[PDB]
Amino acid sequence: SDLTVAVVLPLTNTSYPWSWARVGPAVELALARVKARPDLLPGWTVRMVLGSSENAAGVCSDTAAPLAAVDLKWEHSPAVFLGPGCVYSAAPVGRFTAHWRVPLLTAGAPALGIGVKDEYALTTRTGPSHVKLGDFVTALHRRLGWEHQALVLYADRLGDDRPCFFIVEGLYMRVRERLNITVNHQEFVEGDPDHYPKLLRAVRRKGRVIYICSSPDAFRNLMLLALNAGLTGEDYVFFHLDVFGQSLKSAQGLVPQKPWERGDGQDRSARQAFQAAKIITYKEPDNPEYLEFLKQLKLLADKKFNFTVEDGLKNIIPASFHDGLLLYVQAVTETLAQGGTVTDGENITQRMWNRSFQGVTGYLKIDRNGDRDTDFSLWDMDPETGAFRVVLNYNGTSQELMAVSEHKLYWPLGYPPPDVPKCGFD
Amino acid sequence: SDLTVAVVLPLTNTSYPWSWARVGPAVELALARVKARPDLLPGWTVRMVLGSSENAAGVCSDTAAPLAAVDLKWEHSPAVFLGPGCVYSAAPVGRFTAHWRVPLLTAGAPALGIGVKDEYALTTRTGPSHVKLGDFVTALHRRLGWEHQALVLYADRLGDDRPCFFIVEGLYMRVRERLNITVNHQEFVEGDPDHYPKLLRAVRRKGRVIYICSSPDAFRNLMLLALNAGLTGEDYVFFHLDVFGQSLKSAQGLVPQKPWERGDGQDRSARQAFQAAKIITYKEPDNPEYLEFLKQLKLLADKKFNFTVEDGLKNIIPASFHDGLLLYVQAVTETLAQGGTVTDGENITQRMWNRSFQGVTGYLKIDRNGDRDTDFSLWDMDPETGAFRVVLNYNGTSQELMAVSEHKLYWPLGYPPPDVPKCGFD
Amino acid sequence: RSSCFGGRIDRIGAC
Ligand SMILES: *[C@@H]1O[C@H](CO)[C@@H](O[C@@H]2O[C@H](CO)[C@@H](O[C@H]3O[C@H](CO)[C@@H](O)[C@H](O[C@H]4O[C@H](CO)[C@@H](O)[C@H](O)[C@@H]4O)[C@@H]3O)[C@H](O)[C@H]2NC(C)=O)[C@H](O)[C@H]1NC(C)=O
Ligand SMILES: *[C@@H]1O[C@H](CO)[C@@H](O[C@@H]2O[C@H](CO)[C@@H](O[C@H]3O[C@H](CO)[C@@H](O)[C@H](O[C@H]4O[C@H](CO)[C@@H](O)[C@H](O)[C@@H]4O)[C@@H]3O)[C@H](O)[C@H]2NC(C)=O)[C@H](O)[C@H]1NC(C)=O
Ligand SMILES: *[C@@H]1O[C@H](CO)[C@@H](O[C@@H]2O[C@H](CO)[C@@H](O[C@H]3O[C@H](CO)[C@@H](O)[C@H](O)[C@@H]3O)[C@H](O)[C@H]2NC(C)=O)[C@H](O)[C@H]1NC(C)=O
Ligand SMILES: *[C@@H]1O[C@H](CO)[C@@H](O[C@@H]2O[C@H](CO)[C@@H](O[C@H]3O[C@H](CO)[C@@H](O)[C@H](O)[C@@H]3O)[C@H](O)[C@H]2NC(C)=O)[C@H](O)[C@H]1NC(C)=O
Ligand SMILES: [Cl-]
Ligand SMILES: [Cl-]
């Protein structure tokens, strides 16, 4: 008569896109819609038991999270798990739920390895997957004439969830899976000046198509050093892999969008440097159901959670926890309707897999693997004003690059420079 | 009045050096000696509760093992854990015991990361550590004139504990920590012929001091191809990192020792090829307490465990579980003797740490970190007979290379060839 | 050093 839902998320730390202070209300909203839908779990009272994925210091822990997941299992026997969002938290809890034959839902866990559902069985990813970033890079290379060589730079703060790694892992593995071209990679550390000589050396030797996963300040500094070294959009192109748009403001207000402006007198040189630069982010949902969701989400988070939800790309994570939870109640109702129980995880999950769905994020497609398709946006500088704006869009289900508001991808040469120079890199 | 000891080891699979069918009796023996020592835990009745580190398929699991560790904690609240030996099993359980403030004892878990006792607190390694292999390679390079460049080749069967990786991780990290010389590495797969061209190419390009971590058959085939390609002990030296002496028989009988002989008519060419080859193994304990232990161990395992313990280097693992368990009861008795309880894990562990001890394996030293010092043996071919024999011995506590039975390390050139060739590697 | 891609998800068996 009641469905127990176990959550393993950062309950106290709010810095995470899947923090409970942000996902919690997004879940409250989804539970509220289920009670008002007579067609969704009729007469059921869906309960929720929570667990902090975070350790003592408040970061999400490869130890706290699985320990949490066990107390929820042996105390409540939940039917499904929600979260974790952290890769290193999710991986252990995933092996536990896959063993327990319990479905696991999360908008986080974007790494390449979570894709292996032979290990992470009953783990359905309703958020972005980094393999999906490979898909967009593949489309972007096929539709731009780069079929030889590309260069990747990524940095990580030690002891975090290693986000730029798994982003480059999912991009490297899926792009060489589909194109078999040369993809050079180099890790670095942002706070270490010793690496910047190494990076600029590698830029002009290991490729012209260059992808960087770093903080906004690091990607900016690199652009200034690139400009200083005489590297321009005629021979190079710099893709900032900034998926949550940290180098940008929200799509709601704060018009226009300038990431190169920093207020240190270097901005004048920064604008010119960013002429060779483009930003790859996620796709802000167009549907007005998203915008209502945000409104209900912000109110519900201030009121019940004493947290203020600012606008931005991060908000598709709670939005996708909302939709993913609706996706499950649908399937459980469907499973009860054909004589099955809420514990038929395999039946329940297979309903959710290979299935389009209409949620606050609009059209979302759970692929054959159990991973939501990811839609990406490409940002470019309008050479007139210097501000950035979306010029391309990648439908992830269809893998189509569609131009945005009739905008043209600015190129200093009139066309993309070639991924290989003239008489070799020498 | 009773001390509960939780074991997380392969309880059904016996293929592991730390299999329960081999460690179980070795532990019975240690429990028997404690009951007969009035000076060790007087009046205490030390119980044991067991857990299978292995999953369904019988291999030790990064899931079954931590799941096992939790059920034992919530059912018995043990004072100490024993095992696991598998790296991917030990890591998760170690983070759980380190969180639970419970000591952890194992002869296995040799990887470089387990060394980090800030994370794996109260984890005392009484068996070999791979960082310790770096120590021997360091001593061996200092006392042989190689201070520039060396080459490492390692293979792993997919889905195992990745033993040759962590062996090379512990050797790479500790040798570059201490010498800062060029150490090139390359992974390969034994069953893939496509790699052997790559290996022979890299052999003559990436160094002359060459270490190989592979099966005996793989290392043999490599030597045959090296001989075929005209690579001899005049310019090269091949160290088989065969720690458990899989390419050798037991030190008890089966005289003499021929790894190159295979009974396929190629043995004639193999013998000559192995003139450029040396084997790095662990050190068989000299003390006659070991030999009595083996005797009692074999008897006890046939009787109570319906298992036959063959002779070989693997047996220092159960031996070190035996000794390590004695080391703990000593320290707990010591802790009880100065007003402390069996739960004073920090006091208990610090007694065990930085401490020499005399057990069935003879002299064993728990370093400042909590890792038993590891003694190594170096094997070489007597060019006269062709058989292999120990010519060097590395005391791990003293880091001293001592010659064995006045034997001379065979060199085709009368002295070791230089780690760098004449006019470069070109 | 090396770029370990696809080699499990654990701060022990990765680089
Ligand atoms: C990214 O690409 C995706 C892949 O094509 C798009 O998904 C498609 O979404 C559309 C609608 O958004 C969907 O169309 C039809 O889907 C129903 C199932 O087949 C079908 O029954 C619908 O038809 C009904 O409704 C229309 C009015 O809407 C009536 O005129 C009809 O008579 C009928 O009653 C509907 O036409 C596609 O099927 C679906 N494609 C796939 C392959 O699933 C995404 O929308 C796209 N998103 C963006 C932002 O580009
Ligand atoms: C590898 O190197 C290790 C580093 O030295 C060796 O450890 C050493 O082991 C010896 C004994 O095996 C040990 O010697 C003395 O240790 C006691 C503590 O200091 C000391 O009290 C002993 O002295 C007593 O006993 C002798 C008779 O044995 C009497 O004559 C004395 O009067 C006294 O009553 C003993 O002499 C070293 O201290 C110890 N070194 C360190 C640094 O701890 C390993 O043995 C060696 N292993 C191999 C196989 O080579
Ligand atoms: C909420 O989560 C934040 C990010 O996950 C976290 O910020 C980060 O905090 C860690 C430590 O908590 C810092 O890392 C430091 O880690 C070790 C251990 O102390 C140090 O030895 C290192 O030198 C390193 O400085 C990160 O630098 C830090 N990063 C950022 C951007 O803040 C918050 O602390 C968490 N806050 C709460 C209240 O839980
Ligand atoms: C006892 O442990 C042995 C070693 O840990 C184990 O041997 C190995 O078994 C695994 C599978 O159990 C084999 O690996 C195979 O793994 C996957 C899953 O089936 C396959 O898709 C692969 O292709 C691969 O063949 C190893 O090859 C095998 N290795 C050896 C040397 O035997 C035993 O099976 C365990 N036995 C029991 C009774 O527990
Ligand atoms: Cl998390
Ligand atoms: Cl184990």
# chains A, B, ... in the order shown; residues from 1 in each chain; ligands from 1
$ residues_near_ligand --ligand "ligand 4" --cutoff "9 Å" --atoms "only C-alpha atoms and all ligand atoms" --output "number ranges by chain"
B: 10, 12-16, 54-60, 157-161
$ write_last_selection --atoms "C-alpha atoms" --output "PDB file, in the first residue's frame"
ATOM      1  CA  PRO B  10      37.685 -16.561  -0.136  1.00  0.00           C
ATOM      2  CA  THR B  12      35.135 -21.545  -1.143  1.00  0.00           C
ATOM      3  CA  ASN B  13      37.635 -20.684  -3.885  1.00  0.00           C
ATOM      4  CA  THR B  14      41.020 -22.141  -2.963  1.00  0.00           C
ATOM      5  CA  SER B  15      43.054 -20.724  -5.861  1.00  0.00           C
ATOM      6  CA  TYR B  16      44.121 -17.744  -3.773  1.00  0.00           C
ATOM      7  CA  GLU B  54      33.860 -13.948  -3.100  1.00  0.00           C
ATOM      8  CA  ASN B  55      30.755 -13.258  -5.132  1.00  0.00           C
ATOM      9  CA  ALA B  56      28.495 -15.709  -6.895  1.00  0.00           C
ATOM     10  CA  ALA B  57      30.999 -16.790  -9.554  1.00  0.00           C
ATOM     11  CA  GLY B  58      33.528 -17.626  -6.796  1.00  0.00           C
ATOM     12  CA  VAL B  59      36.036 -14.831  -7.430  1.00  0.00           C
ATOM     13  CA  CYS B  60      36.680 -12.235  -4.779  1.00  0.00           C
ATOM     14  CA  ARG B 157      44.048 -11.257 -17.562  1.00  0.00           C
ATOM     15  CA  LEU B 158      40.943  -9.082 -17.831  1.00  0.00           C
ATOM     16  CA  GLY B 159      38.650  -9.174 -14.793  1.00  0.00           C
ATOM     17  CA  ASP B 160      41.162 -10.565 -12.298  1.00  0.00           C
ATOM     18  CA  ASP B 161      42.722  -8.671  -9.359  1.00  0.00           C
TER      19      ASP B 161
END
$ interface_residues --of "chain B" --to "chain A" --cutoff "7 Å" --atoms "only C-alpha atoms" --output "PyMOL selection string"
chain B and resi 63+95-96
$ residues_around --residues "segment 162-173 of chain A" --least-positions-apart "5" --cutoff "6 Å" --atoms "only C-alpha atoms" --output "PyMOL selection string"
(chain A and resi 111-112+130-131+133-134+154+156+213) or (chain C and resi 5)
$ write_last_selection --atoms "N, CA and C atoms" --output "PDB file, in the first residue's frame"
ATOM      1  N   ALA A 111      29.635   8.892 -15.587  1.00  0.00           N
ATOM      2  CA  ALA A 111      30.920   8.390 -16.045  1.00  0.00           C
ATOM      3  C   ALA A 111      30.749   7.309 -17.098  1.00  0.00           C
ATOM      4  N   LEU A 112      31.856   7.019 -17.781  1.00  0.00           N
ATOM      5  CA  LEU A 112      31.818   5.965 -18.780  1.00  0.00           C
ATOM      6  C   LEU A 112      31.470   4.617 -18.152  1.00  0.00           C
ATOM      7  N   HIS A 130      28.466  11.015 -20.033  1.00  0.00           N
ATOM      8  CA  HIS A 130      29.598  11.615 -20.720  1.00  0.00           C
ATOM      9  C   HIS A 130      29.847  10.949 -22.056  1.00  0.00           C
ATOM     10  N   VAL A 131      29.540   9.656 -22.163  1.00  0.00           N
ATOM     11  CA  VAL A 131      29.522   8.999 -23.466  1.00  0.00           C
ATOM     12  C   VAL A 131      28.697   9.815 -24.455  1.00  0.00           C
ATOM     13  N   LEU A 133      28.462  12.942 -24.562  1.00  0.00           N
ATOM     14  CA  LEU A 133      29.292  14.037 -25.050  1.00  0.00           C
ATOM     15  C   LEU A 133      30.122  13.600 -26.244  1.00  0.00           C
ATOM     16  N   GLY A 134      30.585  12.350 -26.244  1.00  0.00           N
ATOM     17  CA  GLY A 134      31.228  11.815 -27.431  1.00  0.00           C
ATOM     18  C   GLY A 134      30.348  11.922 -28.659  1.00  0.00           C
ATOM     19  N   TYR A 154      42.746  18.720 -19.714  1.00  0.00           N
ATOM     20  CA  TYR A 154      41.802  18.639 -18.615  1.00  0.00           C
ATOM     21  C   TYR A 154      42.561  18.724 -17.307  1.00  0.00           C
ATOM     22  N   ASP A 156      41.978  18.690 -12.811  1.00  0.00           N
ATOM     23  CA  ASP A 156      41.114  18.348 -11.697  1.00  0.00           C
ATOM     24  C   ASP A 156      41.777  18.760 -10.393  1.00  0.00           C
ATOM     25  N   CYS A 213      38.824  21.092 -20.799  1.00  0.00           N
ATOM     26  CA  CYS A 213      37.915  20.955 -19.666  1.00  0.00           C
ATOM     27  C   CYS A 213      38.638  21.562 -18.475  1.00  0.00           C
TER      28      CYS A 213
ATOM     29  N   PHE C   5      41.929   4.835 -18.877  1.00  0.00           N
ATOM     30  CA  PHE C   5      40.564   5.076 -19.319  1.00  0.00           C
ATOM     31  C   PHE C   5      39.814   3.755 -19.323  1.00  0.00           C
TER      32      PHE C   5
END
$ residues_around --residues "segment 11-15 of chain C" --least-positions-apart "6" --cutoff "8 Å" --atoms "only C-alpha atoms" --output "MDAnalysis selection string"
(chainID B and resid 88 91 113:114 166) or (chainID C and resid 2:4)
$ select_by_dssp --residues "segment 119-245 of chain A" --states "strand (DSSP E or B)" --output "list in words"
residues 123, 124, 125, 149, 150, 151, 152, 153, 154, 155, 182, 183, 184, 185, 186, 187, 188, 209, 210, 211, 212, 213, 237, 238, 239, 240 and 241 of chain A
$ write_last_selection --atoms "N, CA, C and O atoms" --output "short mmCIF file (atom, residue, chain, number, x, y, z; two decimals), in the first residue's frame"
data_model
loop_
_atom_site.label_atom_id
_atom_site.label_comp_id
_atom_site.auth_asym_id
_atom_site.auth_seq_id
_atom_site.Cartn_x
_atom_site.Cartn_y
_atom_site.Cartn_z
N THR A 123 20.22 0.10 -13.06
CA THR A 123 20.67 1.47 -12.82
C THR A 123 20.29 2.27 -14.04
O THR A 123 20.89 2.10 -15.11
N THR A 124 19.29 3.13 -13.88
CA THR A 124 18.73 3.93 -14.97
C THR A 124 19.17 5.38 -14.79
O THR A 124 18.88 6.00 -13.76
N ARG A 125 19.87 5.92 -15.79
CA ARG A 125 20.44 7.27 -15.72
C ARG A 125 19.53 8.23 -16.48
O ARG A 125 19.49 8.23 -17.71
N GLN A 149 42.94 14.57 -36.33
CA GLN A 149 43.66 14.78 -35.08
C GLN A 149 43.00 15.87 -34.24
O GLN A 149 42.62 16.92 -34.75
N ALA A 150 42.89 15.61 -32.94
CA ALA A 150 42.35 16.57 -32.00
C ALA A 150 43.11 16.46 -30.68
O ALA A 150 43.75 15.44 -30.39
N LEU A 151 43.05 17.53 -29.89
CA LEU A 151 43.82 17.65 -28.65
C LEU A 151 42.91 18.00 -27.48
O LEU A 151 42.08 18.90 -27.58
N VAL A 152 43.10 17.31 -26.35
CA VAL A 152 42.28 17.47 -25.15
C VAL A 152 43.17 17.85 -23.96
O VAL A 152 44.20 17.21 -23.72
N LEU A 153 42.74 18.86 -23.21
CA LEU A 153 43.41 19.27 -21.97
C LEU A 153 42.38 19.29 -20.85
O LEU A 153 41.28 19.81 -21.03
N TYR A 154 42.75 18.72 -19.71
CA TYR A 154 41.80 18.64 -18.62
C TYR A 154 42.56 18.72 -17.31
O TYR A 154 43.70 18.26 -17.20
N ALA A 155 41.91 19.32 -16.32
CA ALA A 155 42.49 19.48 -15.01
C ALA A 155 41.47 19.08 -13.97
O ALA A 155 40.26 19.14 -14.20
N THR A 182 43.01 10.26 -34.32
CA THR A 182 43.99 10.50 -33.27
C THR A 182 43.47 11.56 -32.31
O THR A 182 43.19 12.70 -32.71
N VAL A 183 43.37 11.19 -31.04
CA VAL A 183 42.86 12.06 -29.98
C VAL A 183 43.93 12.12 -28.90
O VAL A 183 44.07 11.18 -28.10
N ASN A 184 44.66 13.22 -28.85
CA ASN A 184 45.69 13.39 -27.85
C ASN A 184 45.12 14.05 -26.60
O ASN A 184 44.27 14.94 -26.69
N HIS A 185 45.59 13.59 -25.44
CA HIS A 185 45.12 14.05 -24.14
C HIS A 185 46.30 14.44 -23.26
O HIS A 185 47.40 13.89 -23.38
N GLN A 186 46.05 15.40 -22.36
CA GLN A 186 47.04 15.81 -21.37
C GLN A 186 46.34 16.37 -20.14
O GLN A 186 45.52 17.29 -20.25
N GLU A 187 46.65 15.80 -18.98
CA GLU A 187 46.14 16.29 -17.71
C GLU A 187 47.06 17.38 -17.17
O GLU A 187 48.25 17.41 -17.46
N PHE A 188 46.47 18.28 -16.40
CA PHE A 188 47.22 19.35 -15.77
C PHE A 188 46.53 19.75 -14.48
O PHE A 188 45.47 19.22 -14.12
N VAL A 209 42.47 21.32 -33.51
CA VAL A 209 41.19 21.19 -32.84
C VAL A 209 41.49 20.83 -31.39
O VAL A 209 41.97 19.74 -31.09
N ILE A 210 41.20 21.76 -30.49
CA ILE A 210 41.62 21.66 -29.11
C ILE A 210 40.40 21.80 -28.22
O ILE A 210 39.68 22.80 -28.31
N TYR A 211 40.18 20.79 -27.38
CA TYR A 211 39.14 20.78 -26.35
C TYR A 211 39.80 20.94 -24.98
O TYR A 211 40.76 20.23 -24.67
N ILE A 212 39.26 21.84 -24.16
CA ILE A 212 39.75 22.09 -22.81
C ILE A 212 38.61 21.92 -21.81
O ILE A 212 37.56 22.55 -21.97
N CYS A 213 38.82 21.09 -20.80
CA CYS A 213 37.92 20.96 -19.67
C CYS A 213 38.64 21.56 -18.48
O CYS A 213 39.57 20.96 -17.93
N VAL A 237 41.18 26.18 -32.92
CA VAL A 237 39.86 26.38 -32.35
C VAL A 237 39.85 25.74 -30.97
O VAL A 237 40.36 24.63 -30.79
N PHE A 238 39.30 26.45 -30.00
CA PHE A 238 39.38 26.05 -28.61
C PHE A 238 37.97 25.81 -28.07
O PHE A 238 37.21 26.76 -27.87
N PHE A 239 37.64 24.56 -27.81
CA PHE A 239 36.34 24.19 -27.26
C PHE A 239 36.44 24.06 -25.75
O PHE A 239 37.05 23.12 -25.24
N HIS A 240 35.83 25.00 -25.03
CA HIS A 240 35.72 24.85 -23.59
C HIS A 240 34.61 23.85 -23.31
O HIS A 240 33.45 24.07 -23.70
N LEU A 241 34.96 22.74 -22.67
CA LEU A 241 33.98 21.74 -22.26
C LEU A 241 33.44 22.17 -20.90
O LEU A 241 33.86 21.70 -19.83
#
$ atom_distance --atom1 "atom CA of residue 217 of chain A" --atom2 "atom 36 (N, counted along the ligand's line) of ligand 3"
21.6 Å
$ interface_residues --of "chain C" --to "chain A" --cutoff "8 Å" --atoms "only C-alpha atoms" --output "MDAnalysis selection string"
chainID C and resid 5:6 8:10
$ write_last_selection --atoms "C-alpha atoms" --output "CSV table (one decimal), in the first residue's frame"
chain,number,residue,atom,x,y,z
C,5,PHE,CA,40.6,5.1,-19.3
C,6,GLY,CA,37.9,2.5,-18.5
C,8,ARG,CA,37.2,0.7,-13.0
C,9,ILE,CA,35.9,3.4,-10.8
C,10,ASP,CA,37.9,3.3,-7.6
$ select_by_dssp --residues "segment 129-354 of chain A" --states "helix (DSSP H, G or I)" --output "number ranges by chain"
A: 130-142, 163-179, 195-203, 216-228, 267-276, 288-305, 313-337, 345-352
$ atom_distance --atom1 "atom CA of residue 331 of chain A" --atom2 "atom CA of residue 348 of chain A"
5.6 Å
$ atom_distance --atom1 "atom CA of residue 235 of chain B" --atom2 "atom CA of residue 421 of chain B"
7.3 Å
$ closest_residue --among "A:145, A:256, A:285, A:127" --to "ligand 1" --atoms "only C-alpha atoms and all ligand atoms"
A:285
$ residues_near_ligand --ligand "ligand 2" --cutoff "12 Å" --atoms "only C-alpha atoms and all ligand atoms" --output "ChimeraX atom specification"
/B:283-287,354-359,361-367,373-377,393-404
$ closest_residue --among "B:118, B:411, B:46, B:254" --to "ligand 3" --atoms "only C-alpha atoms and all ligand atoms"
B:118
$ residues_around --residues "residue 216 of chain B" --least-positions-apart "2" --cutoff "9 Å" --atoms "only C-alpha atoms" --output "VMD selection string"
chain B and resid 214 218 to 221 240 242 246 to 248 259 to 260
$ residues_around --residues "residue 303 of chain B" --least-positions-apart "6" --cutoff "12 Å" --atoms "only C-alpha atoms" --output "tab-separated table (two decimals) with N, CA and C atoms, in the first residue's frame"
chain	number	residue	atom	x	y	z
B	21	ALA	N	40.91	-22.11	2.71
B	21	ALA	CA	41.42	-23.47	2.79
B	21	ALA	C	42.91	-23.52	3.04
B	24	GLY	N	42.87	-20.64	6.68
B	24	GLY	CA	42.08	-21.18	7.77
B	24	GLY	C	42.86	-22.03	8.75
B	25	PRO	N	43.55	-23.05	8.24
B	25	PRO	CA	44.42	-23.84	9.13
B	25	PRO	C	45.54	-23.02	9.75
B	28	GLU	N	43.96	-21.50	12.56
B	28	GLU	CA	43.76	-22.50	13.61
B	28	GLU	C	45.04	-22.68	14.42
B	296	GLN	N	52.95	-28.70	10.08
B	296	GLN	CA	51.68	-28.63	10.79
B	296	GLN	C	50.58	-28.09	9.90
B	297	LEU	N	50.92	-27.14	9.02
B	297	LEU	CA	49.91	-26.51	8.18
B	297	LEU	C	49.33	-27.51	7.19
B	309	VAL	N	47.89	-28.79	0.76
B	309	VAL	CA	48.73	-27.60	0.65
B	309	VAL	C	50.06	-28.01	0.05
$ residues_around --residues "residue 245 of chain B" --least-positions-apart "2" --cutoff "9 Å" --atoms "only C-alpha atoms" --output "number ranges by chain"
B: 241-243, 247-250, 279-282, 312-314
$ write_last_selection --atoms "N, CA and C atoms" --output "PDB file, in the first residue's frame"
ATOM      1  N   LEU B 241      59.495 -10.541 -13.054  1.00  0.00           N
ATOM      2  CA  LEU B 241      58.908 -10.220 -11.759  1.00  0.00           C
ATOM      3  C   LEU B 241      57.880 -11.299 -11.453  1.00  0.00           C
ATOM      4  N   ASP B 242      58.394 -12.400 -10.920  1.00  0.00           N
ATOM      5  CA  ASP B 242      57.614 -13.577 -10.592  1.00  0.00           C
ATOM      6  C   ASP B 242      57.694 -13.738  -9.083  1.00  0.00           C
ATOM      7  N   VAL B 243      56.816 -13.038  -8.371  1.00  0.00           N
ATOM      8  CA  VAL B 243      57.020 -12.916  -6.933  1.00  0.00           C
ATOM      9  C   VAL B 243      56.722 -14.230  -6.215  1.00  0.00           C
ATOM     10  N   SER B 247      57.074 -19.588 -12.134  1.00  0.00           N
ATOM     11  CA  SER B 247      57.976 -20.199 -13.101  1.00  0.00           C
ATOM     12  C   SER B 247      58.971 -21.162 -12.462  1.00  0.00           C
ATOM     13  N   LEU B 248      58.900 -21.378 -11.148  1.00  0.00           N
ATOM     14  CA  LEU B 248      59.820 -22.258 -10.443  1.00  0.00           C
ATOM     15  C   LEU B 248      59.036 -23.278  -9.625  1.00  0.00           C
ATOM     16  N   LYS B 249      59.722 -24.344  -9.208  1.00  0.00           N
ATOM     17  CA  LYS B 249      59.138 -25.339  -8.320  1.00  0.00           C
ATOM     18  C   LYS B 249      59.422 -24.965  -6.863  1.00  0.00           C
ATOM     19  N   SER B 250      59.057 -25.848  -5.939  1.00  0.00           N
ATOM     20  CA  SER B 250      59.246 -25.551  -4.527  1.00  0.00           C
ATOM     21  C   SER B 250      60.713 -25.680  -4.139  1.00  0.00           C
ATOM     22  N   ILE B 279      65.286 -13.876 -12.479  1.00  0.00           N
ATOM     23  CA  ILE B 279      63.959 -13.942 -11.882  1.00  0.00           C
ATOM     24  C   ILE B 279      63.999 -13.304 -10.502  1.00  0.00           C
ATOM     25  N   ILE B 280      63.067 -12.398 -10.240  1.00  0.00           N
ATOM     26  CA  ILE B 280      62.935 -11.758  -8.939  1.00  0.00           C
ATOM     27  C   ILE B 280      61.741 -12.370  -8.224  1.00  0.00           C
ATOM     28  N   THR B 281      61.990 -13.049  -7.112  1.00  0.00           N
ATOM     29  CA  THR B 281      60.949 -13.699  -6.328  1.00  0.00           C
ATOM     30  C   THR B 281      60.996 -13.206  -4.883  1.00  0.00           C
ATOM     31  N   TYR B 282      60.079 -13.719  -4.072  1.00  0.00           N
ATOM     32  CA  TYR B 282      60.143 -13.510  -2.641  1.00  0.00           C
ATOM     33  C   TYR B 282      61.176 -14.459  -2.034  1.00  0.00           C
ATOM     34  N   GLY B 312      55.502 -24.198  -1.723  1.00  0.00           N
ATOM     35  CA  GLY B 312      55.769 -23.108  -2.635  1.00  0.00           C
ATOM     36  C   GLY B 312      55.757 -21.776  -1.934  1.00  0.00           C
ATOM     37  N   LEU B 313      56.184 -20.765  -2.687  1.00  0.00           N
ATOM     38  CA  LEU B 313      56.311 -19.433  -2.122  1.00  0.00           C
ATOM     39  C   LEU B 313      54.977 -18.892  -1.642  1.00  0.00           C
ATOM     40  N   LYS B 314      53.864 -19.360  -2.222  1.00  0.00           N
ATOM     41  CA  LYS B 314      52.549 -18.858  -1.825  1.00  0.00           C
ATOM     42  C   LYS B 314      52.309 -19.014  -0.332  1.00  0.00           C
TER      43      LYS B 314
END
